[PDB]
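Asks: File follows, target.cif with mmCIF, C-alpha atoms and all ligand atoms:
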```cif
data_upload
#
loop_
_atom_site.label_atom_id
_atom_site.label_comp_id
_atom_site.auth_asym_id
_atom_site.auth_seq_id
_atom_site.Cartn_x
_atom_site.Cartn_y
_atom_site.Cartn_z
CA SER A 1 -38.61 -22.84 59.61
CA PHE A 2 -35.68 -25.13 58.48
CA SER A 3 -33.01 -25.28 61.19
CA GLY A 4 -29.81 -27.19 61.87
CA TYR A 5 -28.97 -27.77 58.19
CA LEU A 6 -25.48 -27.89 56.78
CA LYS A 7 -25.16 -25.84 53.58
CA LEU A 8 -23.65 -27.96 50.75
CA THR A 9 -24.13 -25.54 47.84
CA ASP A 10 -25.96 -22.23 47.16
CA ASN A 11 -29.29 -24.16 47.14
CA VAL A 12 -28.75 -27.63 48.67
CA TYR A 13 -28.87 -28.14 52.44
CA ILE A 14 -28.59 -31.38 54.44
CA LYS A 15 -29.50 -32.59 57.94
CA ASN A 16 -29.43 -35.92 59.79
CA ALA A 17 -33.15 -36.11 60.52
CA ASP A 18 -36.27 -38.19 60.27
CA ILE A 19 -38.17 -36.53 57.39
CA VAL A 20 -41.55 -37.21 59.14
CA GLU A 21 -40.38 -35.42 62.31
CA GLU A 22 -38.89 -32.66 60.18
CA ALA A 23 -42.16 -32.28 58.23
CA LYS A 24 -44.26 -32.11 61.44
CA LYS A 25 -41.92 -29.45 62.86
CA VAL A 26 -41.46 -27.23 59.78
CA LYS A 27 -44.86 -27.85 58.01
CA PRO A 28 -43.09 -27.10 54.68
CA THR A 29 -44.96 -26.03 51.56
CA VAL A 30 -43.65 -29.23 49.90
CA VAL A 31 -42.47 -32.50 51.36
CA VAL A 32 -41.07 -34.93 48.78
CA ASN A 33 -42.07 -38.57 48.99
CA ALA A 34 -39.81 -41.35 47.64
CA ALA A 35 -42.71 -42.85 45.74
CA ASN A 36 -43.06 -45.81 43.40
CA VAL A 37 -45.13 -45.68 40.15
CA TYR A 38 -48.18 -47.18 41.88
CA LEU A 39 -48.06 -44.77 44.87
CA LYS A 40 -48.06 -47.85 47.12
CA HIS A 41 -46.53 -46.36 50.27
CA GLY A 42 -45.32 -49.53 51.93
CA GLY A 43 -41.86 -48.94 53.31
CA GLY A 44 -38.98 -46.51 53.60
CA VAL A 45 -39.84 -42.83 53.42
CA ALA A 46 -43.20 -43.54 51.71
CA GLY A 47 -44.37 -45.94 54.39
CA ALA A 48 -43.26 -43.56 57.13
CA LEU A 49 -44.91 -40.46 55.59
CA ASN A 50 -48.10 -42.42 54.91
CA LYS A 51 -48.24 -43.82 58.46
CA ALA A 52 -47.84 -40.25 59.82
CA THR A 53 -50.94 -39.18 57.80
CA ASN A 54 -52.95 -42.07 59.38
CA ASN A 55 -53.14 -43.66 55.88
CA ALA A 56 -54.84 -40.57 54.38
CA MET A 57 -51.92 -40.28 51.92
CA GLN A 58 -52.56 -43.87 50.69
CA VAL A 59 -56.33 -43.33 50.34
CA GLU A 60 -55.72 -40.15 48.34
CA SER A 61 -53.01 -41.92 46.28
CA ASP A 62 -55.30 -44.85 45.43
CA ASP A 63 -57.92 -42.41 44.09
CA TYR A 64 -55.17 -40.62 42.08
CA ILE A 65 -54.03 -43.97 40.53
CA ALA A 66 -57.62 -45.04 39.82
CA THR A 67 -58.12 -41.81 37.85
CA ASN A 68 -54.71 -41.35 36.22
CA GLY A 69 -52.89 -44.66 36.15
CA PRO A 70 -49.34 -45.11 37.33
CA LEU A 71 -46.63 -42.48 37.27
CA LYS A 72 -43.54 -42.91 35.09
CA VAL A 73 -40.16 -43.79 36.70
CA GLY A 74 -38.56 -40.29 36.85
CA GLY A 75 -41.98 -38.65 37.12
CA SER A 76 -43.99 -37.06 39.88
CA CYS A 77 -47.34 -35.80 40.97
CA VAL A 78 -48.43 -33.19 43.50
CA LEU A 79 -50.93 -34.36 46.10
CA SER A 80 -51.94 -33.12 49.56
CA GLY A 81 -49.34 -32.92 52.29
CA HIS A 82 -52.10 -33.79 54.84
CA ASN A 83 -50.88 -33.00 58.40
CA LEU A 84 -47.23 -32.90 57.26
CA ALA A 85 -46.95 -30.21 54.54
CA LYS A 86 -49.16 -28.06 52.25
CA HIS A 87 -48.28 -30.49 49.41
CA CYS A 88 -46.55 -33.79 48.95
CA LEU A 89 -44.56 -34.08 45.77
CA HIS A 90 -44.49 -37.82 45.06
CA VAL A 91 -41.33 -38.38 43.04
CA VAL A 92 -40.39 -41.75 41.52
CA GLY A 93 -36.67 -42.31 41.49
CA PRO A 94 -35.45 -45.52 39.77
CA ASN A 95 -35.43 -48.55 42.03
CA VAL A 96 -32.18 -50.37 41.24
CA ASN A 97 -33.53 -53.43 43.21
CA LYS A 98 -36.33 -53.67 40.55
CA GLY A 99 -33.71 -53.27 37.71
CA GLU A 100 -34.80 -49.69 36.82
CA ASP A 101 -32.49 -47.33 34.83
CA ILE A 102 -30.23 -45.41 37.31
CA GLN A 103 -29.92 -42.80 34.49
CA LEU A 104 -33.55 -41.76 35.33
CA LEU A 105 -32.39 -40.31 38.68
CA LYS A 106 -31.59 -36.95 37.04
CA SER A 107 -35.11 -36.85 35.51
CA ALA A 108 -36.56 -37.64 38.96
CA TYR A 109 -34.63 -34.72 40.57
CA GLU A 110 -35.76 -32.34 37.77
CA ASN A 111 -39.25 -32.51 39.32
CA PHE A 112 -37.90 -30.56 42.31
CA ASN A 113 -37.25 -27.54 40.04
CA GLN A 114 -41.00 -26.90 39.81
CA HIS A 115 -41.04 -25.92 43.54
CA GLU A 116 -39.18 -22.97 45.09
CA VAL A 117 -38.41 -24.82 48.32
CA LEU A 118 -38.73 -28.48 49.32
CA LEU A 119 -38.07 -30.80 52.27
CA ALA A 120 -36.83 -34.04 50.63
CA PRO A 121 -35.11 -37.36 51.00
CA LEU A 122 -32.27 -38.52 48.72
CA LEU A 123 -33.98 -40.12 45.75
CA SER A 124 -33.34 -43.76 44.95
CA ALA A 125 -31.38 -44.15 48.23
CA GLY A 126 -32.23 -46.71 50.97
CA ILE A 127 -34.53 -49.52 49.91
CA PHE A 128 -34.47 -48.15 46.30
CA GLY A 129 -30.91 -49.57 46.04
CA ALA A 130 -28.92 -46.74 44.50
CA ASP A 131 -25.69 -45.33 45.90
CA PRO A 132 -26.71 -42.36 48.14
CA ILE A 133 -23.39 -40.56 47.42
CA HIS A 134 -24.27 -40.65 43.71
CA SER A 135 -27.86 -39.51 44.55
CA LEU A 136 -26.55 -36.47 46.42
CA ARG A 137 -24.22 -35.64 43.48
CA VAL A 138 -27.14 -35.84 41.01
CA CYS A 139 -29.24 -33.72 43.40
CA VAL A 140 -26.73 -30.87 43.68
CA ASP A 141 -26.04 -31.03 39.87
CA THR A 142 -29.75 -31.04 38.91
CA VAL A 143 -31.83 -29.17 41.49
CA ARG A 144 -31.69 -25.37 41.24
CA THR A 145 -34.44 -24.61 43.77
CA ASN A 146 -33.93 -24.69 47.57
CA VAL A 147 -33.80 -28.30 48.70
CA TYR A 148 -33.48 -29.31 52.37
CA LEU A 149 -32.39 -32.92 52.47
CA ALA A 150 -33.27 -35.05 55.49
CA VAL A 151 -31.01 -38.12 55.78
CA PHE A 152 -32.35 -40.55 58.38
CA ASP A 153 -29.26 -42.70 58.84
CA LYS A 154 -26.59 -40.96 61.01
CA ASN A 155 -23.67 -42.98 59.66
CA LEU A 156 -24.83 -42.31 56.11
CA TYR A 157 -25.25 -38.58 56.85
CA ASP A 158 -21.64 -38.42 58.15
CA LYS A 159 -20.37 -40.35 55.09
CA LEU A 160 -22.34 -38.03 52.70
CA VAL A 161 -20.94 -34.86 54.34
CA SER A 162 -17.33 -36.14 54.62
CA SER A 163 -17.21 -37.33 50.98
CA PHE A 164 -19.05 -34.33 49.45
CA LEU A 165 -17.08 -32.74 46.70
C1 LIG A 201 -28.67 -47.06 54.90
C2 LIG A 201 -29.85 -46.18 54.68
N1 LIG A 201 -30.87 -46.10 55.59
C3 LIG A 201 -31.71 -45.29 54.98
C4 LIG A 201 -33.04 -44.89 55.49
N2 LIG A 201 -31.21 -44.89 53.80
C5 LIG A 201 -31.72 -43.91 52.84
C6 LIG A 201 -31.10 -42.54 53.05
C7 LIG A 201 -31.33 -42.03 54.44
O1 LIG A 201 -30.79 -42.47 55.44
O2 LIG A 201 -32.20 -41.07 54.48
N3 LIG A 201 -29.99 -45.47 53.58
#
```
Is it possible to express this structure as structure tokens?
Ligand SMILES: Cc1nc(C)n(CCC(=O)O)n1
Replies:
Amino acid sequence: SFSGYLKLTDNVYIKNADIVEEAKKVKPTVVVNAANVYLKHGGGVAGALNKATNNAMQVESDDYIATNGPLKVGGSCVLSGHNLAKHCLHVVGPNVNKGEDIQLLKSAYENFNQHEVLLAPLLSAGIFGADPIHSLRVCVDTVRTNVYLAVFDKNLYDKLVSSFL
């Protein structure tokens, strides 16, 4: 089960951890992927989760896109968690580096409310270009279900905890 997390609120927990290593250890019902609309898992969390599935996540995702078309920014889909989780909830936070509306971050976090408990990264953080402090604020103010946040970067984890209101 989830261990070593700092409790931020009644339902939001945080840990300085590699989400792939966390997923392999916990085997959560849901691991959230920081997806893009095409489910092209190239880098960041998506690239790391996909590599851990030996590319099975990308093969499954390509079939999903062939059938359904792209997701919306702020949207999600539930696919297999492969060797990492029962399910992977692919959530598209806005990518500020692609000029996407940062206001869609709340809509992206609303997807988490469809799942009782999730292992997740901070949406739109990292290579998506948004401020991770703002992402954590939107997370705690939007998500009502139990969310265990894995923050890879140690220095960022310390900054997130020390500045948390
Ligand atoms: C600076 C940085 N490096 C990464 C990865 N990020 C995204 C948030 C995290 O650490 O999980 N932000």
Asks: Using only C-alpha atoms, collect all residues at a distance of at most 12 Å from (-32.7, -46.5, 36.8) as written in the file, then present them as number ranges by chain.
Replies: A: 72-74, 92-108, 123-125, 128-131, 135
Asks: What residues of the protein or nucleic acid chains come within 9 Å of ligand LIG 201 (chain A) when you use all atoms listed in the file? Reply as number ranges by chain.
Replies: A: 16-19, 44-45, 121-129, 131-132, 149-157
Asks: Considering only C-alpha atoms, return as a PyMOL selection string whatever protein or nucleic-acid residues lie within 12 Å of stretch 50-52 of chain A, sequence-local ones (same chain, fewer than 6 positions apart) excluded.
Replies: chain A and resi 18-24+31-35+39-44+58-61+80-85+88+90
Asks: If I take atom CA of residue A:55 and atom CA of residue A:114, how far is one from the other in Å, to one decimal?
Replies: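 Going from atom CA of residue A:55 over to atom CA of residue A:114 covers 26.2 Å.
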Asks: Please report the interatomic distance between atom CA of residue A:46 and atom CA of residue A:117 in Å with one decimal.
Replies: 19.6 Å
Asks: Of the candidates A:68, A:91, A:109, A:2, which shows the shortest atom-to-atom distance to residue A:14, using all atoms listed in the file?
Replies: A:2
Asks: With all atoms listed in the file as the basis for distance, which of A:119, A:49, A:56, A:133 is at the shortest distance from residue A:30?
Replies: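 Nearest to residue A:30: A:119.
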Asks: So how far away is atom CA of residue A:13 from atom CA of residue A:144, in Å?
Replies: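 Straight-line distance from atom CA of residue A:144 to atom CA of residue A:13 works out to 11.9 Å.
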Asks: List as a PyMOL selection string the protein and nucleic acid residues near residue A:143, meaning an atom at most 8 Å away when only C-alpha atoms are counted, but skip any in the same chain fewer than 5 places from it.
Replies: chain A and resi 11-12+109-110+112-113
Asks: Using only C-alpha atoms for the distances, tell me which of A:28, A:47, A:69, A:75 is nearest to residue A:146.
Replies: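 Checking each of A:28, A:47, A:69, A:75 against residue A:146, counting only C-alpha atoms, the winner is A:28.
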